Amino acid sequence: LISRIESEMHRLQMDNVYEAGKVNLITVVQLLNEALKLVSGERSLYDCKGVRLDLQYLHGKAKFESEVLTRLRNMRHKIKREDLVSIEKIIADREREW
Amino acid sequence: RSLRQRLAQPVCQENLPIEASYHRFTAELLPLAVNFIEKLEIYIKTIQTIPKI
Amino acid sequence: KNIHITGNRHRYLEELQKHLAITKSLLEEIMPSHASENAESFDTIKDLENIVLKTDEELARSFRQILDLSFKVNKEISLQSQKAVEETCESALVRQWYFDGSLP
Amino acid sequence: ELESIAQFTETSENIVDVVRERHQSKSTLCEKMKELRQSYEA
């Protein structure tokens with residue numbers, strides 16, 4: 001934005017940002033008005049449409065990963081209440097009859 | 001006592017004549033404009049990564 | 001508070017208006033038809049990442065328990081196999097394998 | 001919008017690195033799960 005202003009200046013008259021110890025809001029809005037004229041310029045080279053992020057795909061995968069994360073937790077907790085408790089009991093009841 | 005002490009203050013030429021509904025947006029636009037002018041060299045990299053999407 | 005202001009407050013608004021009449025006009029040069037959908041996705045992206053970063057932990061919790069399940073299943077079968085040999089061979093001969101080498 | 005497009009690129013590349021480490025960090029999960037499988041298939 002300095003590399004902008006230094007060679008806009010002799011067409012873009014602008015006053016100072018800090019004047020009598022107070023901030024000049026008109027100068028801040030004039031700065032924003034050539035900062036935004038980078039953003040529109042870069043869109044005219046790299047975003048020549050307005051690209052959309054698909055919120056329904058994003059929420060759809062977020063939901064489905066939450067369901068993967070839940071299926072993994074269900075399998076992993078079933079192993080740790082039904083299966084291993086069946087196994088470790090039958091093992092210990094074999095050993096204590098032996 | 002407070003109501004009279006506000007009515008007893010003549011229309012303040014050191015204030016801005018603006019309806020109270022707009023006071024938030026008017027005050028926050030200075031911080032928002034500063035933050036946008038400072039983020040400017042980040043946003044230009046974001047626009048140069050839009051082609052990745 | 002501490003804004004630089006020149007003369008009458010209406011005359012300052014008149015000049016600020018001539019520059020906000022460029023800032024709105026530049027958001028009209030910059031806002032795509034999907035700016036809101038993009039701006040709303042912000043935290044749905046981070047919750048997807050938060051779920052996926054916990055799916056890595058949970059895959060890594062799950063397989064480290066399936067290895068325990070396998071090891072435990074195999075002890076259940078090996079103890080069942082051992083018991084069948086010890087009840088098809090003579091209990092005096094099985095006793096001579098396991099205990100007569102150790103008996104006071 | 002530009003905060004969310006930045007976040008989308010960062011998150012998309014983070015997820016493409018995390019799943020890569022889950023495949024390639026060590027044996028790997030993708031190796032040891034097939035070693036375990038082929039024991040019970042045998």
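Structure determination for this entry is recorded as cryo-EM, at 6.88 Å resolution.

*Asks:* Report on the interface of chain A and chain B, specifying residues and quantitative values.
*Replies:* Counting from both sides, the interface comprises 15 residues of chain A and, opposite them, twelve residues of chain B. Of the roughly 1,400 Å² buried between chain A and chain B, counting both surfaces, carbon and sulfur atoms make up 88%. Here chain A is connected to chain B by zero salt bridges. Across the contact surface, chain A and chain B share one residue pair in polar contact. Of the residues that constitute the side of chain A that touches chain B, the class distribution is twelve nonpolar, no polar and three charged.

*Asks:* How would you sum up the interface of chain A and chain C? Please name residues and give values.
*Replies:* A common way to report how large an interface is uses the accessible area buried once the components associate. If you look at the interface, chain A gives 44 residues, while chain C gives 42 residues. Summing both partners gives a buried area of about 4,300 Å² for chain A against chain C, and 67% of it is carried by carbon and sulfur. On the chain A side of the interface with chain C, the three residues burying the most area are A:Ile26, A:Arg76 and A:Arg94, jointly 13% of the side's total. One can count six salt bridges joining chain A with chain C. Notably, a salt bridge pairs A:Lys80 with C:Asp68, separated by 3.2 Å at the nearest N-O pair. The interface formed by chain A and chain C includes 20 residue pairs in polar contact. Counting residues per element, the ones that place at least two in the side of chain A that touches chain C are β2 (22–23), α2 (25–46) and α3 (55–95) of chain A.

*Asks:* With reference to specific residues and values, describe helix α1 (residues 2–24) of chain D.
*Replies:* Between its first and last C-alpha, α1(D) extends 33 Å over 23 residues, near the 33 Å set by a 1.5 Å rise per residue. Elements that come into contact with the buried residues of α1(D) comprise α2 and α3 of chain A, α2 (23–49) of chain B together with α2 (35–85) of chain C.

*Asks:* How would you summarise the nonpolar core if you had to cite specific residues and measurements?
*Replies:* Residues A:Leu32, A:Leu36, A:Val39, B:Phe36 and B:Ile37 are the most contacted members of the largest nonpolar core, which totals 27 residues. Counting residues per element, the ones that place at least two in this core are α2 and α3 of chain A, α2 of chain B, α2 of chain C together with α1 of chain D.

*Asks:* Break down the packing of α2(B) against α1(D) for me, with residues and values.
*Replies:* Each packed pair of helices is defined by two parameters, the angle between the axes and the distance between the axes. Following both chains from N to C, one finds α2(B) and α1(D) inclined at 55°, their axes separated by 9 Å at the closest point. When the axes of α2(B) and α1(D) are compared, the pair comes out oblique. Crossing of α2(B) over α1(D) shows left-handed handedness. Here α2(B) contributes B:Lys39, B:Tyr43, B:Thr46, B:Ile47 and B:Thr49 to the contact with α1(D), which in turn contributes D:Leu2, D:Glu3, D:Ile5, D:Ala6 and D:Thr9. By residue class, the composition of the contact of α2(B) with α1(D) is five nonpolar, three polar and two charged.

*Asks:* For α2(C), give the residues involved together with the corresponding values.
*Replies:* Compared with an ideal rise of 1.5 Å per residue, which puts 51 residues at 75 Å, α2(C) spans 75 Å between its outermost C-alpha atoms and is within 8% of the ideal. The sharpest bend along α2(C) measures roughly 40° and falls at C:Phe42.

*Asks:* I'd like a rundown of the side chain of C:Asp68, residues and numbers included.
*Replies:* The topology assignment puts C:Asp68 in helix α2. On the accessibility criterion, C:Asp68 (19% relative accessible area) is buried. In this structure the side chain of C:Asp68 is engaged in a polar contact, spanning 3.2 Å, whose partner is the side chain of A:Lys80. Every residue in contact with C:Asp68, bar those within four places of it in the chain, is listed here: A:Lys80 and A:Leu84.

*Asks:* Explain unusual backbone geometry to me, and be specific about the residues and the numbers.
*Replies:* The bulk of non-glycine residues show a negative phi, and the bulk of peptide bonds are trans. Its identity as a non-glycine residue notwithstanding, A:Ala20 has a phi of 50°, on the positive side. Backbone geometry at C:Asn2 places phi at a positive 50°, although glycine is not the residue there. Inspection of the secondary structure puts C:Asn2 in the segment before α1 (9–27).

*Asks:* So what's going on with the packing of aromatic side chains? Which residues, and what values?
*Replies:* Per the stated rule, a full pass over the model turns up three aromatic pairs over all chains. The interplanar angle of 40° and the centroid separation of 4.7 Å between the aromatic rings of B:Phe36 and B:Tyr43 together place this pair among those described as tilted. With respect to class, B:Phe36 is no different from B:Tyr43; both count as buried. One aromatic cluster is present, formed by C:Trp97, C:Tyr98 and C:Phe99 through successive ring pairs. The ring of A:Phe64 has A:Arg71 sitting right over it, with the charged end atom 4.7 Å from the ring centre. The ring of C:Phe42 is capped by C:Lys46, whose NZ or CZ atom sits 2.9 Å from the centre of that ring.

What counts, and at which threshold
- Residues numbered from 1 in each chain as written, not as in the entry; some residues may be left out.
- Chains lettered and ligands numbered in written order.
- Part of a larger assembly, values for the part shown.
- Heavy atoms only, no water.
- Residues with missing side-chain atoms left out of burial classes, pairs and counts.
- Contact = heavy atoms within 4.5 Å.
- Buried area = accessible area lost by both parts, 1.4 Å probe.
- Salt bridge = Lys/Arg side-chain N within 4 Å of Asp/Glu carboxyl O.
- Polar contact = N/O pair within 3.5 Å; in protein donor to acceptor, adjacent residues only side chain to side chain.
- Nonpolar A, V, L, I, M, F, W, Y, C, P; charged D, E, K, R; others polar.
- Helix = DSSP H or I, 4+ residues; strand = E, 2+ residues; numbered from the N terminus.
- Expected span 1.5 Å × (residues − 1).
- Core = buried A, V, L, I, M, F, W, Y, C linked by side-chain atoms within 4.5 Å.
- Buried < 20%, exposed > 50% of the residue type's maximum accessible area, 1.4 Å probe, protein only.
- Axes fitted to C-alpha atoms, helices over the stretch in contact; angles between N-to-C directions.
- Parallel < 35°, antiparallel > 145°, perpendicular 65-115°, else oblique.
- Left-handed = near helix turned anticlockwise from the far one by under 90°.
- Bend = angle between axes of the 7 residues up to and from the residue.
- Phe/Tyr/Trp six-rings, centres within 6.5 Å; stacked < 30°, edge-to-face > 60°.
- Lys NZ or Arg CZ within 6 Å of the ring centre and 35° of its normal.

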